[PDB]
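For reference, the structure discussed in these notes is given below.
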Amino acid sequence: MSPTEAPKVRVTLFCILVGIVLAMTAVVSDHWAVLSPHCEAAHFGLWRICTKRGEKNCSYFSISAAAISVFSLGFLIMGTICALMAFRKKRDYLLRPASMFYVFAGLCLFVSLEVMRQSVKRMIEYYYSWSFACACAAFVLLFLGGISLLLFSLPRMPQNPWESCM
Amino acid sequence: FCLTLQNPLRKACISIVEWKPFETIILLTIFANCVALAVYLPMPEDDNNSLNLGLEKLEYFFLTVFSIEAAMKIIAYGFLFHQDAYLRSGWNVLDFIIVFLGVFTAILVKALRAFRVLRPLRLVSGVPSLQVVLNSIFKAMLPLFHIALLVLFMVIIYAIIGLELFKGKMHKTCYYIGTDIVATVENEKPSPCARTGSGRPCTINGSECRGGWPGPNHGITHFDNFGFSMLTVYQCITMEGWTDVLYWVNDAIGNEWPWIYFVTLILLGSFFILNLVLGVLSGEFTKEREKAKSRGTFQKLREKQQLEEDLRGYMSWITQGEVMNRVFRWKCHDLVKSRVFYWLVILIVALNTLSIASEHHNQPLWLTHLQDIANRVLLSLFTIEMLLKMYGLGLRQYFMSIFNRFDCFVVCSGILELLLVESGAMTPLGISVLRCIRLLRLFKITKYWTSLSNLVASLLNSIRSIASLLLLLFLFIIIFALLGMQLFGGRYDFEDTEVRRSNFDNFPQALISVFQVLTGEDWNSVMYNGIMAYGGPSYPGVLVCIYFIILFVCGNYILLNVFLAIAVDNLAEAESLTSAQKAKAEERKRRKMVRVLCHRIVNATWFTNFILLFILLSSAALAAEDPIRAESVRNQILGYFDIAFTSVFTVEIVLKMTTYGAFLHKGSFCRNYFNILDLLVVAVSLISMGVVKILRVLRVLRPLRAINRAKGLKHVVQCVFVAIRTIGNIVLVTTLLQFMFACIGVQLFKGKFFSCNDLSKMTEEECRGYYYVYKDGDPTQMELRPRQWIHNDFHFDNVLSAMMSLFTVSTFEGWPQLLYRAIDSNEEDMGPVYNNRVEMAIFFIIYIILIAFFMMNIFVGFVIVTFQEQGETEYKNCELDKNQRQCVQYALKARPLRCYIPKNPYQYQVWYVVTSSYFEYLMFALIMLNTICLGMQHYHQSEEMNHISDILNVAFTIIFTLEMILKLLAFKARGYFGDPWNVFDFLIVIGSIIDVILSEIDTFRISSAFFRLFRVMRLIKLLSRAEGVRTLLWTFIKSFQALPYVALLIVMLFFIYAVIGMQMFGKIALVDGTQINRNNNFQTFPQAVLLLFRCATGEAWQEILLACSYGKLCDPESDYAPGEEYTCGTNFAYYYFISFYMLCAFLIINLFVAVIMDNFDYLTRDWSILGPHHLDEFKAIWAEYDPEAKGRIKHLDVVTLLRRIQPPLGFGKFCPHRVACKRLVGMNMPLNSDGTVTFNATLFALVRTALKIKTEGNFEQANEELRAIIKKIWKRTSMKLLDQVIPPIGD
Ligand SMILES: *[C@@H]1O[C@H](CO)[C@@H](O)[C@H](O)[C@H]1NC(C)=O
Ligand SMILES: [Ca+2]
Ligand SMILES: [Ca+2]
C-alpha cells in the first residue's frame, strides 16, 4: 500500500508526466535547429523540414530518427498502461515494468539527439533551437525520473540480515 | 615407499645424515651460491666477459654438492619421508640442473638456464622457524578468493565494455604533411588525433591525420583484441598511469562521454582495497584473539615485563644504598630532577636544532663560522649536564636507563669528532662524514614524547618477529631480481637516444628497479620496456607481462602480511596502555583510601528546506562561472544572483538575530553564520560603487552549514576526534622524522641536482650560447636551443625546501625521477655524471621503508580505536558476546520465506521445469558462450566473422526471452517481480531486443555503440548463484547506506577546493605537453574535479604543482593588455596541493576506517560454531514443507524437518532412535491449533541447542531473564506480540 501511498511515488510520477508531454511536444516540433546559409533559412524536423525567408514553405528530404522515436512513444504508450493498472486493483508490482519502459523511452530520444547532431556535422550556419532543449529536458525526466521510481518500487536491503528480498 | 630397504653400511650414511653439522655446511653452500648469482653479469647479444665464463664452470661445483647431498638422503630416509614439500621441491631444483648439464653437453636451453634462480628457496628448508612464517602467509591468503574472484569478474566486465565502445579508435595519426614522422612537442607523448569533428584538432602547423599507428606507448594499449583490454584495465585499477589512458580516449573520441567509464572503474578500484584491507584484517584480529586469547600468552608476557620493572626498580635501591659523604651528592636532585633543567636543556637542544636549520649551499660568511662556534659552545654546556648527571646521580643507574645509554654515545661522538678536526690531517671525505654524525644530536628529542614510551615497545616486542619477516621480504626481492636478470638480461638495447634508464643491466641496478614495482610507482615504464624489448605486442613477447603482474600482486600481498603482524603489536601496545591506566588510577585509589513569532519562523518546514535550497543555489552559482572572460554575460547574470542570494540569507540572519540576544553567540556555529554576511557586505558594496578576490573566495563558506543536522561528524570523526590527540602526536612523530632525514639530505645533497641542458658542460661558466638538439638520433635532423641551468625543481638546499621534496617520496610519486637524478650527483656545483655514486640509493630505500613502515602505523592506530568503540556498549553484556545477541535477532524477528506454488496443471508443468535445476546450468552455459561471443572481437576482422557476429546475438536474445516467457507463465508477475534478480534481467531483455532492432535498422549512430552494453550486463546474472561472494557485496551494500554523511565530507572537499582553485589558477594558457592542457585544465568546473581527482589517486601531482608557480602564459583571450605577459600564477599552489593531498587522503582513510563500524560483525564470524548460511539455510527448509506461507508447521513434519537441515546445527547422520525426538522432548515446544506449531518456537528451540541451556526451573527463570534482557533491547515500548512471542518461545 505504502509503496503506492508514499507521496514520493506521486511526486516522481507527475514530473514524469511533465516529460511525457514534453517528449510528445518534441515529437511534432520541427524546430530542432536553424539552417542559416546567408533567404532560405530553415528548420530541421523529425517529419518535415520547413523553410521560411511571410513566405514559409514546409518540405522534407535523417530517416531513422523518426522510427527510433516511434518506439519511444510506444514505450510511453505501453508505460502508461501498466502504470494506470497499478493503481486500481492494488497491484503494486506493476510499478516495476512501468518504470522499465519509462527508462528506455528517453534513451531512444537520446539516440535521435545524436542522430540530429550527426545531421549537422554532415554539412552555412546551424544553430540549435528551443525544440532541442525540449528533448534534452525530456531525456533527463524520463531517465532520472524512471530509476528513482524503479528503486523506490523495489524494497530495501533492509538493514539487517534476517529479512532479505521479500 | 623407501626403495628396497637395505641396511648394511648405508646405516653409516644414515647416521651421517643425522649429524648436526649439516646446518653448518649447507647454509654456507646456499649463501655462496647466491653470491654466484649476484656477480653473474648478463651481456646482451651473446657476450661473456671473464667472470661469466668462470662461474659457469663454478655452477658445476654447486651442482656437484647437492647431487651428493640428496640421493644420500633417499638411502637415509626413503620416499615415505620425502612427503615434505621442502624435500619435494628441493629435489625439483636439483633435478633440473642435472638436466641442464645433459642438454648443454649433448649439443656441445636458454629457458633451461632461468629455472636455476630458485636456489635461494633452499634456505627455507634449511633454516628453522621460517617454515612457520611462510605458513603465516598461505593460511592468510585463503580468505581472499572471495575477494580476488571479484576483481577477476570485475575486469571481465570492464574489459568487454571497453572492447565494445573503444574498438579501434586509437589508430589515427598526427603525422606530418606526407612523410612518416609523428608530430609531438618536446615533452608530449604522441597522443591520437582525428580528422573529423569532435576530437583532436591537430593544430601543430603543417600536419594531417591519417591512418597507421601513432597510438600509445609503443602499441601496448589498443582497445583492440580481448587479450589486450584485460591489460589496460589492469593498468588502470592499480592506479599508476590511468590518466594517460583517459587523455588518449578523450583525444580520440571526444570528452564528456568516456569519463563516466573510468571514474566508475576507480571508484570500484578504490573500493576494492576497502574489501581487502578489512578482508585481511578479519582473520588478523581473529588470530590475535583466537590464538593467543585461546592460549593466554599475553598474561605471561606482561607478567615478565612487570617483573622486569621490579628487577630494575628494586636493584637500584640496593645500588643506591650500599655505596651511600659530601655537602653535595644531594645537590643532584636539587639540580638534575628539578624543574629548571627541564626548561633549560630543552633550550640548547632547540638551539642545537636551529644550528642545523641553517645550511644553505651558499652560506655567505656568517653561518660558516657561527656553526663552528656552536660546536664549541653547545657541546660544552651539553657536556656539563652529562658530567653533573654522571657523578651526582649515581653511576650505575645512569647506565641503567637506555635513554641515558644513548647520551654517552652522543657525547662520545661530540668530543672525538671535535678533537680530530683540531688536527685536520685528514681527507675532506672524512670531515664530511663527521658533520653527518652531528645529526645524532637531534635525537635528544626522541627521549621526549611520553607517547614514544609504548612506541619504543612497538619496536622491541617485534624484533624477534619482523627481522624474521624482513628476511622473508628481502628474500622475495632477491628471487625476483635474479629472475629479472635472466628474463631481461640487459636486453634493453633499442638503438635510440632516449634514456630507458631503469634497465636490469647489473645486479644492484636490478634490485632498485625491482623495488620500484613493489611501490607501484611508474611500473608502466618498467613494463612497457619489457614488452618492447622482446619483439612487439605479439603472441610470444607479450606473455612476459605476467612477470610484472605476479611481481605486483604477489609482491604487494606479502608486504600486506608485514602490515598484518604490526597491527597485532599495537594491540599489545593497546593493552599495556589501557591496563596501565587502570593500575595507575587504582594506586591513587589507595591514596584515596512580536519576537515570539520569529521562533515559529525558525522552527518551520516552510523555512527549513527554504534555506537549504539557497545554499544549494548559492553553491551552483559558485559552481558554473566564467572565470576567464572578465566581461561576459555569464558574469553578469550570476553577479545578480549572489547579491540577491545574500538578500535571502540576510533575512535568515536577522530573523535568527532577533531570537536570541547576548546568549546567541554561545555557539561557535552561530559566530560563523554572522561573519559571512559581514564579509558579504563589502563584497557587494565595493563592486557597485568602484585585491578584490577575497570577497569572492569566501562565498563558499556558506555551504559549510548544511551538515548542521548531520551526526557523521558527531559519530565517526568524533571517534577520530578522540584519537586526534593520539594521532596529533603520531603525525608529529613522522614529521619529526621527515625533519631529521631532511637534515641528512642537506648535509649530503647541497648544491647538486644542478644540471645543464646540454649534457656535456657541467659548469656555470661553460654553459651558455646555443647547441644542437637532435630529433631522433639521425645526425642530420638538427635543431637549436639556448642552453642554461635547469635547477631541478625539487632541490635540496634549504631544510624548508628539503621537506617539500621528501614529501613527494612519501607519497610514492616521482621517486624514480628523483633517485635516478640523485645518483648522478657530482662535486658541489657540477653537472651530473652517468652512474657515479650508486650507494646513495640506500638512503631512499631506508627512507622509504621507514615512512612506509610508519604509514602502516598511522592506519593501525585507527582500527584499534574502532573495536574499542563497539566494546563500550557491550560491557553490560550478560550474554555470549554477540553470539547470543545474534540468536536474539534471528529467533525473534525472522518470519517465513515466500514459497510460491501454482494450480492449473498446464501451469504446473511449466513450474516443475523451472525450479528443477536442469536448465539453471543451461543459462549458466549460454552466458559463458555469450562471454566468448563477445570475447572474440578482433580488429579489421573479416566479413566472415561479422556474419557470425550478428547471428549469435540474435539467437542468444531469443533464448533468454523464452526464459523470461516461461518464468512469467509460472510465476505470474506478482510472483515474478518478487526477486530483483528476476527484475534486472527483464531490464536486460528489452534492452537486448532494441539491440537486435537497432542492428536491423543500420542493416537497412551512437546507440549502435551504446546499446551494445546490454549484451555485457547479462554476465552479472552469475552473481545470483555464487553464494560465496554474493553475501560479501551484500554486506558492503548494507554498509554504504549507513554512512552517507562521511562520503558527503569528501565531496565537500572537491567542491570547495575547485572554487578556490578556479579563481586562482585560471589564466594559465593551455600549451600542449606542459602538463596543464586542454585535458588537465582548471578553467571550467568539471575539469577541476578530475584534476582534483587526479591528486586523490596520486597520479603525479609532482608535476602539476610545478606548472603553477609564477611564470605561466595568461591564456590570450582574457587580460594583461600590454607587456605583462607571463604573470598569471601564484605561489599559493604550494599550500594548496600539499594541504589538499593531506586533507583528502586523510578523509579517505576516515572513510575506509568507517566501514569497519558496520562490517566488523561480518569479518569475524566463527565458521566452526554457527554462521549465517545456517540461519539462512533454515529459512529455506520452510520453503520445502510449508509452501502456503502460513508461519506454522504441523507437529508431525517437525521430525522430518530436523533430520534434513545439516548436522552441525541440526542433527547428525545417525538418526535418531530417540535423540532427534528426545531433544524436542527436552525443549519448549507449545502446540497451537490442531497440531500446528509456529516457526519461531521451532526456530528458538533449535537455537538454544547451540547457545546452550539448562533444565527447567533454570529455563523458567531464563524465560524472565532473557525477557529481562530483550525488553531492554526492545527499545520501542510497543509490540505486545513480542512479549506474546516471548511466552510462546518460552512455551
Ligand atoms: C607555422 O605558423 C606560422 C604562424 O601561423 C606561419 O608563419 C608559418 O608559415 C607556419 N608554417 C607552415 C608550414 O605553414
Ligand atoms: Ca603513482
Ligand atoms: Ca600510488
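Expressed in nm², what is the orientationally averaged projection area of the convex hull enclosing the Cα positions of chain B? Before the final figure, lay out the partial values.
Working: hull surface 298.3 nm².
Reported value for the Cα convex hull: 74.6 nm².
What is the sum of charges around B:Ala583, taking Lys and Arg as +1, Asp and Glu as -1, for the other residues whose C-beta is under 14 Å from the C-beta of B:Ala583?
Working: positive: B:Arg302, B:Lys582, B:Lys584, B:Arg588, B:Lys589, B:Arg590, B:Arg591; negative: B:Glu303, B:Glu309, B:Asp310, B:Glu575, B:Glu586, B:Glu587.
Around B:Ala583, the charge tally is +1.
How big is the equivalent ellipsoid of segment B:1027-1106 along its three axes, where each semi-axis is √(5λ) from the Cα gyration tensor, reported in whole Å from largest to smallest?
Result for segment B:1027-1106: semi-axes of 34, 16, 9 Å.
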Give me the distance between the Cα centres of segment B:479-542 and segment B:619-661, rounded to whole Å.
57
When you take every Cα atom in segment B:1173-1284, what is the radius of gyration, and what is Dmax, the widest Cα pair distance, in Å?
15.0, 46
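Under 25 °C and 0.890 mPa s, how fast does chain A diffuse according to Stokes-Einstein, given a Kirkwood radius computed over C-alpha pairs? Answer in µm²/s, whole number. Walk me through the numbers before you get to the answer.
On the way: Rh = 17.7 Å.
D, rounded to a whole number, is 139 µm²/s.
Apply the a/c threshold of 1.5 to the C-alpha gyration tensor of segment B:243-347 and tell me whether it is rounded, prolate or oblate.
Numbers: a/c = 8.25, a/b = 2.17, b/c = 3.81.
Because a/c hits 1.5 or more and a/b fails to exceed b/c, segment B:243-347 counts as oblate.
Per DSSP helix of 4 or more residues, -39500 (n - 2.57); summed, then divided by the residues of chain A. What does that give at 222 nm, rounded to the nearest 500? List each step's numbers first, then the result.
Numbers: 5 runs with 98 residues, N = 166.
Calculated from helices alone, the mean residue ellipticity at 222 nm is -20500 deg cm²/dmol.
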Quick check: Cα centre of segment B:187-247 to Cα centre of segment B:567-592, how many Å?
60
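Using only C-alpha positions, report the orientation-averaged shadow area of the convex hull of segment B:691-756, nm², one decimal. Don't skip to the answer; put the middle values down first.
Values: hull surface 38.8 nm².
Answer in nm², one decimal: 9.7.
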At 222 nm, what value in deg cm²/dmol follows for chain B if DSSP H runs of at least 4 each add -39500 (n - 2.57) and the sum is divided by all its residues, to the nearest 500?
-19500 deg cm²/dmol
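Got a sec? How would B:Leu395, B:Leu379, B:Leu698, B:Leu1019 order by Cβ neighbour count within 10 Å, fewest to most?
Values: B:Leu395 11, B:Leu379 20, B:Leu698 14, B:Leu1019 17.
The order, fewest Cβ neighbours first, is B:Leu395, B:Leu698, B:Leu1019, B:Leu379.
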Label point distance in nm, B:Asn757-B:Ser294, each placed 7 Å from Cα along Cα→Cβ:
6.9
Separation between Cα centres of segment B:412-462 and segment B:966-1029, rounded to whole Å
70
Straight-line reach check, B:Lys300, cutoff 16 Å on alpha carbons, 8 or more apart in-chain or any other chain, hits among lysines -> B:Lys291
Convert each backbone phi in segment B:1217-1223 into a coupling constant with the Karplus relation 6.51 cos²θ - 1.76 cosθ + 1.60 (shift: θ = phi - 60°), then list the ³J(HN,Hα) values in order as whole Hz, x for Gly and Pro.
6, 8, 6, 6, 8, 5, 5
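When the dipole is taken about the Cα centre of the protein assembly as shown, and only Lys, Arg (+1) and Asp, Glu (-1) are charged at their Cβ, what size is it in debye, to the nearest 20?
On the way: 135 positive and 116 negative charges, 1377 e Å.
Charge dipole of the protein assembly as shown: 6620 debye, to the nearest 20.
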Assign one of three labels to segment B:312-389, namely rounded, prolate or oblate, based on the Cα gyration tensor with a ≥ b ≥ c the square roots of its eigenvalues; rounded applies when a/c is under 1.5, prolate when it is not and a/b is larger than b/c, and oblate otherwise.
prolate
Order of B:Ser513, B:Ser50, B:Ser89 - criterion: other Cβ atoms within 10 Å of each residue's Cβ, fewest first
B:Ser50, B:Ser89, B:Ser513
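What are the semi-axes of the equivalent ellipsoid for the protein assembly as shown, taken as the square roots of 5 times the Cα gyration tensor eigenvalues, largest first, in whole Å? Display every interim value, and only then the final one.
Numbers: eigenvalues 618, 469, 345 Å².
In descending order the semi-axes read 56, 48, 42 Å.
Report, please, the projected area of segment B:281-331 averaged over directions, based on the convex hull of its C-alpha atoms, in nm².
On the way: hull surface 23.9 nm².
The directionally averaged projection comes out at 6.0 nm².
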Beyond 19 Å (Cα-Cα) in this structure, taken from B:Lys903/B:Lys967; B:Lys337/B:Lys389; B:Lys967/B:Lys1038; A:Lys8/A:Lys90; B:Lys893/B:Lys1179; B:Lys1222/B:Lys1252, we find B:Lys967/B:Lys1038
Listed residues A:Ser36, A:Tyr126, A:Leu84: farthest to the positive end of the dipole of chain A (Cβ charges)
A:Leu84
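Explain nothing, just the number: dipole magnitude of chain A about its Cα centre with +1 on each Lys and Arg Cβ and -1 on each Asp and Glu Cβ, in debye rounded to the nearest 20. Please report the intermediate quantities before stating the final value.
On the way: 15 positive and 8 negative charges, 64 e Å.
Charge dipole of chain A: 300 debye, to the nearest 20.
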What shape does segment B:982-1062 take by its C-alpha gyration tensor, where a ≥ b ≥ c are the square roots of the eigenvalues and a/c under 1.5 counts as rounded, a/b above b/c as prolate, and the rest as oblate?
oblate
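Within 10 Å of each residue's Cβ, count the other Cβ atoms and sort B:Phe96, B:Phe223, B:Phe480, B:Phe854 from fewest upward.
Numbers: B:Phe96 13, B:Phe223 25, B:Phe480 22, B:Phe854 16.
Exposure proxy ranking, most exposed first: B:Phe96, B:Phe854, B:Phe480, B:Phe223.
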If you take the Cα Rg of segment B:785-911 and divide it by 2.2 N^0.38 Å, with N the number of residues, what do you get?
2.31
Considering all alpha-carbon pairs of segment B:5-148, what whole percent are spaced by more than 27 angstrom?
36
Dimensions of segment B:882-965 along principal axes (Cα, Å, largest first)?
64, 44, 16
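Considering only Cα-Cα distances, which of the following residue pairs are longer than 18 Å: B:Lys1067/B:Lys1112; B:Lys876/B:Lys1272; B:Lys172/B:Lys775; B:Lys693/B:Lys1112; B:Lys1190/B:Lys1271?
On the way: B:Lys1067/B:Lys1112 9 Å; B:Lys876/B:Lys1272 11 Å; B:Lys172/B:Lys775 22 Å; B:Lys693/B:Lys1112 20 Å; B:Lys1190/B:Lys1271 27 Å.
In this structure, B:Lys172/B:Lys775; B:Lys693/B:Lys1112; B:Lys1190/B:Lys1271 lie more than 18 Å apart at Cα.
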Taking placed amide H atoms and a strict 5 Å upper bound, the residues 5 or more places from B:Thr1236 or on another chain that come that close are B:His1195
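A quick note on method: Cβ atoms are made from the backbone with ideal geometry, for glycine too, and the neighbour counts reach across all protein chains shown. Values in this text are rule-based calculations from the coordinates and carry no lab data.
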